[PDB]
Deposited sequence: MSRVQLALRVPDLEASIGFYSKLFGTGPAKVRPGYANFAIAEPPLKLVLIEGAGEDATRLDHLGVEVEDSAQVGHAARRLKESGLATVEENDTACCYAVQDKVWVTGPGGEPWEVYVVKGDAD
């Protein structure tokens, strides 16, 4: 299995933590200065909140797919490259959509 990662740059981290705790009925899995994440089972989602400093509105930071093991990351990396996309591998692999939105496929 795998789940989507959504990372949002938010103007107010504390405000956003409260909102998302209510929306998904669970508290954050990890909290750091300027950073929080939620691990949501239903719907399957890794939500990342990154505080933006002087942001007027929430915007997309990056997107991703969190997968079960490094083998899956390698499979995705090879398949994406075979499909003709430019990739950057780190475990994770990055690709960028034509409008500039970045995607990471990674394992935690």
Margin query: Ranges lacking C-alpha coordinates, please, mapped onto the deposited sequence and listed in sequence order.
Written below: 91-100, 119-123
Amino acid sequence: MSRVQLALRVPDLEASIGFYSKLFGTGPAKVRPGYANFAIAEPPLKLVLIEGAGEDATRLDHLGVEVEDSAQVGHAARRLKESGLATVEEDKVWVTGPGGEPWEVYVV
From here on, numbers count along this sequence of modelled residues.
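In this text, rigid core is short for the largest set of C-alphas that superpose within 1.5 Å between two forms.
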Check: C-alpha RMS from this form in 5 other deposited structures of this protein, rigid core superposed: larger for 52-60 or 78-86?
Finding: 52-60
Checklist line | Higher-scoring stretch by recorded Cα B factor average, 37-45 or 63-71 | finding: 63-71
Next item on the list: Read off the CA B-factors in the entry, average them over 18-26 and over 96-104, and name the higher stretch.
Entry: 18-26
Notebook entry, point to check: Lowest, middle or highest third: where is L80 by C-alpha B factor in its chain?
Noted result: middle
Notebook entry, point to check: Within this chain, which third does the Cα B-factor at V31 fall in: lowest, middle or highest?
Noted result: middle
Check: Comparing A57 with the other modelled residues of its chain, is its CA B-factor in the lowest, middle or highest third?
Finding: middle
